[PDB]
Every structure is written in structure tokens, then in C-alpha cells.
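Q:
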Amino acid sequence: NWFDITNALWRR
Amino acid sequence: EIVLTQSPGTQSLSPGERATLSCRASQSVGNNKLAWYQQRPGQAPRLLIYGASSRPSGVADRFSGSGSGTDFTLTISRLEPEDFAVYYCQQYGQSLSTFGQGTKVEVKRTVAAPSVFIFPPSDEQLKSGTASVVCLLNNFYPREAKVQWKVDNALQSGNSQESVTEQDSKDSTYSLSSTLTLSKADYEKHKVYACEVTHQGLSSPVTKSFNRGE
Amino acid sequence: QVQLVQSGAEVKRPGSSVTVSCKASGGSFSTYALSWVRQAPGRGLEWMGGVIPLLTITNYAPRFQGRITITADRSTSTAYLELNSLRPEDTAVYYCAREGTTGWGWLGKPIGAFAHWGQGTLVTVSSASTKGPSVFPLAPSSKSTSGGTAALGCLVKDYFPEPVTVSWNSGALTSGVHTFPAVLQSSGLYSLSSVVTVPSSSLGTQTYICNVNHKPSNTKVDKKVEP
Numbered sequence: 824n825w826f827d828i829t830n831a832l833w834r835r
Numbered sequence: 062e063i064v065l066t067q068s069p070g071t072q073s074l075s076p077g078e079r080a081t082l083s084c085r086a087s088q089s090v091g092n093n094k095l096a097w098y099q100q101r102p103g104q105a106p107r108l109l110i111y112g113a114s115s116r117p118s119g120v121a122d123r124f125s126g127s128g129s130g131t132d133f134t135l136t137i138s139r140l141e142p143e144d145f146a147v148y149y150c151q152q153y154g155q156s157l158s159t160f161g162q163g164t165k166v167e168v169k170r171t172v173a174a175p176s177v178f179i180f181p182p183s184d185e186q187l188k189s190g191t192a193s194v195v196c197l198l199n200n201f202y203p204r205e206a207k208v209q210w211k212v213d214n215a216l217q218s219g220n221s222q223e224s225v226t227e228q229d230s231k232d233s234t235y236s237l238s239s240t241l242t243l244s245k246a247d248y249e250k251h252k253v254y255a256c257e258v259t260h261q262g263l264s265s266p267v268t269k270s271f272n273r274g275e
Numbered sequence: 080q081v082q083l084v085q086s087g088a089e090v091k092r093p094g095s096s097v098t099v100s101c102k103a104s105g106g107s108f109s110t111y112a113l114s115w116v117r118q119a120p121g122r123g124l125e126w127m128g129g130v131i132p133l134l135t136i137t138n139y140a141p142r143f144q145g146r147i148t149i150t151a152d153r154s155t156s157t158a159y160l161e162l163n164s165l166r167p168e169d170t171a172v173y174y175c176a177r178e179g180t181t182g183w184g185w186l187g188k189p190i191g192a193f194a195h196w197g198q199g200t201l202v203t204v205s206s207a208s209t210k211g212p213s214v215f216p217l218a219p220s221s222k223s224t225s226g227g228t229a230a231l232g233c234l235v236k237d238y239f240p241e242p243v244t245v246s247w248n249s250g251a252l253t254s255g256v257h258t259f260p261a262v263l264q265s266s267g268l269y270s271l272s273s274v275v276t277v278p279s280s281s282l283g284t285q286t287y288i289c290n291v292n293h294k295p296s297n298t299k300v301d302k303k304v305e306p
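Residue numbers (the working numbering), protein chains in the order written: chain F, 824 to 835; chain V, 62 to 275; chain L, 80 to 306.
In C-alpha cells, the structure reads:
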């Protein structure tokens, strides 16, 4: 889901 | 391609009452990623709920969201005057995000038959070869209202358009304006111009007319 | 506190292309998803697509694929929507919207949903030409037809593009005023009416003037409406 990408990014 | 269906389209309540709005998805929504937005006329939408049941800081605690899977609900424990607006649901459980068609939450009030006015075309407009006839339905409730134009007792079709104001913030009524546009040539071939109005607050359809040249 | 400011209204000819900007201030720009949502007059919201600045990863809705382009200028915290091959049906208010963050502040975990929106940009796609409206009186006297109440008004006809504004007696008169949303005629021109209900007894003594203003054509008109 495109809408989940910023989360994975934020957890980095 | 997830389809969200909000039903009903319109909910008629009053300040102090509890409201329940539903959103049904044509297929399960991933991770319950459903959001609710409130939108007032001419204004940008405002986020109320996200993740189906999470409420961001800043949003009144009277707003609540529940559900999962394919059936979601937005609850407002008790309505305040500014809460009467359009509510939209949105799913972002897939890259292709989609919005529901929206549910209007209006104020329910006593039936009020409309005051009907009819206006012939101005001489000035006529000078240019065009005749607009305007029918006005003032301060009525409920919003459902039918207006038919009859020229010398001939139902008109395709030659008129209508507009409806937003519900009045004070008297909770609606007004409707219908314009019938003919060319001056056709306009001059008929004598009687009538506006027939059908409304729940009217025992029988009301008619307003004038004879060209009076 | 995230504020999104968009560029002004635009008028485009069918077949042309339009670019709308969205300037962000507050929070982090490059790490949060920025989408574009539109809304045709009287219709609902429709997500078009968005972009993740840092990764430049875009996501467009299928019905706009190959006609839309969204980019982001991290140097200016500005995002852009470019829609080509414009059609009349593309006429709408376009909004940019950034996803929100959990809890307070604007740096927490993203939430996907759109917490921040721009004021919106009206984009009119038509082959019509800019034009001031003709203003005709909606004169009052049909035995008033409804109590001691009289109705009078102004027909603001054939203008382009939206919007137009109406006030009565320079704003001195506001009670009983009803300015209706404009309707788009087949001619490609807009038309709307503004009416006010008043005591029928004031028809013989009060002057009623509607002030009509169409900024796009720099048109200002004051029409006295008489019985």
C-alpha cells in the first residue's frame, strides 16, 4: 500500500 | 477498486440529537484504513476520524468512529449547530484511495409551505431577443420540491434550470429559484406563463402565472 | 501547525494543461505524503494522486494515469499538480492535502488520512470568453401573492467565469436575502439570481439596489429594482 510507505520511512 | 456507499444520503436531525452515519465498502478495507471528513459549503474538508476509530487532537470528543471490515460508522453523541454539514468517508487501505459520495446532515424542522413568486422578463432583457422567466420558492421545508413550467398549459422541458440555497442557519429553510429561458420569438407566441409548485407543506399544487403584457 | 497555501484560480481552454502549486509551512515536508483531491461543482471528493517528496514515489488514480503529473520541490516545500489534455469535465476546485501525524505535534507517526488541506484552487476548463454579466431586474408586483410579503431581485445573466458577488443597498440590506448558486447554461455561460423578500408596504418607499461585481471582467454594476 502506497499509504504505508511514509510509516516505514518514519520508523527508520 | 473499492466502492464506499454512504446511506442514507440525507439525515434530518436537530441540535442535541445523536447521529449515526454508515459507510459500506464493496470489499474489505485493509487494516481498517477508513477516514471520515466533515465539509461545510465552500470550505475545505476537515479530518474527523482515521484508522476507523482514531480521533486526532483538536477534534471535538463528540465525534466517534467504529467498525471494521466492510461496514463502518461515524457517531456524534450530540449534535451542535455547526455539525450540520456533509460527511465523507474515505478508504486508503489500497494505493487507489476512494471517497464515499457523502451524507448530508441537515436540520429537521416543521413543514413550511413555500411562498411562491413569479417574475416576467424585464423589458431590457427582451430588447436583446431573449426572455427569462423566473420562479421563486421562498423559505420552505422539507427540501423536496417540484416545479413545473407551463406555457399556455403546455408542460415545458429542456428549457429551464434551477438552483437551491443551502439550509438557512436561522430558520432552517431552503429557497429555490427556477429560470425558464426562451427566445423572444417563442416567448411572444404564447400568452399564459405559469409556475406549478408541488410541496409536502401544500395541500394541493400551487400555481403562479401572468399573461404576457399586463 | 501545518498550513498549505495554493496558487490562484485558473481558466484553461479545453486541451490545454494546468499546473497548481501548494506551498507548505510547518512540520516536515519531504517525509509525509502529499495528495491532490478535486471536487466538481455540487459533486463529491475524488482522490487523484499524491507524492512522497523524499522518495519521489508517486501514486496516481487509474483514471488520471498518463494525463497527470505530481512533483515536489523540497527546496521550497512546494508540491505541484500538472493535469494535461484538459476537458470541460475537469472544471473543479482542486485541493492539496498532507497526511497527518499521531498525537500532538506534526512529527509523529504518519496516519495516512488527510489532516491538512489547502484553501483549494478553482480550475475552470472552457472555451468561453471572459465576460461581464448583464443584470436584469426581477421587479415586484403580483398582488404580492403571499401575505404582506413582497419579493424582488436581480438576474445576473451570462457571465464567465465564476464567481460573481451580489449585495443589496451596498450591504445595508441582508435579512431576507437569497443569492442562489449559479447554473452553467448550455451556452457555456453562468447565470444566477439574487432575491430579497421585504414588507410589501416598503415597495413604495424604499429604494432597492443590487450591487453586482464580477472581478474577472472588472465589472461593477448597480441596478435599481423598481415595482
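The beta carbon of each residue, even a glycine, is placed where N, CA and C say it ideally should be.
By Cβ distance below 8 Å, which residues in the same chain neighbour L/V214 in space, the five residues on each side in sequence not counted?
A: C233, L234, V235, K236, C289, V291, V300, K302
Q: Below 8 Å on C-beta distance, what does V/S156 contact in chain F?
A: Near V/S156 (Cβ distances below 8 Å), the residues of chain F are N824, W825, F826.
Q: Who are the near neighbours of V/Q186 in its chain, counting only those whose CB is closer than 7 Å to its CB and skipping five residues on each side?
A: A192, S193, listed in sequence order.
Q: Could you check whether the Cβ of L/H257 sits closer than 9 Å to any Cβ belonging to chain V?
A: yes
Q: Can you tell me whether L/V204 is buried or exposed, with buried defined as 16 or more other CB within 10 angstroms of its CB?
A: buried
Q: Using a beta-carbon distance below 9 Å, is V/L241 in contact with chain L?
A: The Cβ of V/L241 sits no closer than 9 Å to any Cβ of chain L.
Q: Could you please give the first and the last residue of the uninterrupted beta strand (DSSP E) stretch that includes V/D132?
A: 132-137
Q: Please tell me whether L/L134 has its Cβ less than 9 Å away from any Cβ of chain F.
A: yes
Q: Can you tell me where the alpha helix (DSSP H) with V/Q186 in it begins and where it stops?
A: 184-188
Q: Nearest chain F C-beta to L/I131 closer than 9 Å, yes or no?
A: yes
Q: Is DSSP giving V/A105 helix, strand or coil here?
A: coil
Q: According to DSSP, simplified to helix, strand and coil, what is V/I63?
A: coil
Q: Let me know if L/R166 comes out buried or exposed under the rule of 16 or more other beta-carbons within 10 Å of its beta-carbon.
A: Under this definition L/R166 is an exposed residue.
Q: What residues in the stretch 144-172 of chain L bring their beta carbon closer than 7 Å to a beta carbon of chain V?
A: Cβ contacts with chain V: none found.
Q: Taking CB distances under 9 Å as the criterion, tell me whether V/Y248 reaches chain L.
A: At a cut-off of 9 Å between beta-carbon atoms, V/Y248 makes no contact with chain L.
Q: Who are the near neighbours of L/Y174 in its chain, counting only those whose CB is closer than 6 Å to its CB and skipping five residues on each side?
A: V116, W196, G197, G199
Q: Pick out whichever of V/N220, V/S89, V/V147, V/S75 has its Cα sitting closest to the Cα of V/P106.
A: V/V147
Q: Give a yes or no on whether the C-beta atoms belonging to L/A119 and L/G128 are separated by under 9 Å.
A: no
Q: Pull out every residue of the stretch 99-126 of chain L whose Cβ sits closer than 7 Å to any Cβ of chain V, in chain order.
A: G123, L124, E125, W126
Q: Can you pull the chain F residues whose beta carbon is under 7 Å from the beta carbon of V/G91, in chain order?
A: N824
Q: Are F/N824 and V/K94 close, meaning C-beta to C-beta below 9 Å?
A: Inclusion of F/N824 and V/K94 in the CB contact set at 9 Å is warranted, their separation being smaller than that value.
Q: Taking any Cβ of chain L, which residues in the stretch 169-194 of chain V have a Cβ under 7 Å from it, in chain order?
A: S176, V177, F178, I179, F180, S183, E185, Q186, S193
Q: Can you confirm whether L/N138, when its beta carbon is compared against all beta carbons of chain F, has any partner nearer than 9 Å?
A: At a cut-off of 9 Å between beta-carbon atoms, L/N138 makes contact with chain F.
Q: Could you work out which residue in V/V166, V/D213, V/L216, V/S238 is closest to residue 23 of chain V when comparing CA atoms only?
A: Chain V is shown only over 62 to 275; residue 23 of chain V falls outside these bounds and no answer can be derived.
Q: Determine the closest residue to V/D229 out of V/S156, V/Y202, V/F160, V/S118, with distance taken between C-alpha atoms.
A: V/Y202
Q: Using a Cβ-Cβ cutoff of 7 Å, what residues of the stretch 175-191 of chain L are near chain V? List them in chain order.
A: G179, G182, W183, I190, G191
Q: Nearest-angstrom Cα distance between L/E89 and L/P242?
A: 12 Å
Q: What is the rounded straight-line gap between the Cα of L/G105 and the Cα of L/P306?
A: 56 Å
Q: According to DSSP, simplified to helix, strand and coil, what is V/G91?
A: V/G91 falls in the helix class under three-state DSSP.
Q: Whose C-beta lies closer than 6 Å to the C-beta of L/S109 among residues of the same chain, with five residues either side of it excluded?
A: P132, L133, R153
Q: Hey, out of L/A230, L/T170, L/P212, whose CA is closest to L/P295's CA?
A: L/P212
Q: Closer than 9 Å, CB to CB, is L/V274 near chain V or not?
A: yes
Q: I need the boundaries of the alpha helix (DSSP H) containing L/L186, first residue and last residue.
A: From DSSP, L/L186 is part of no alpha helix (DSSP H); its letter is neither H nor E.
Q: Measure the C-alpha to C-alpha separation of V/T259 and V/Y235 and round it to an integer number of angstroms.
A: 14 Å
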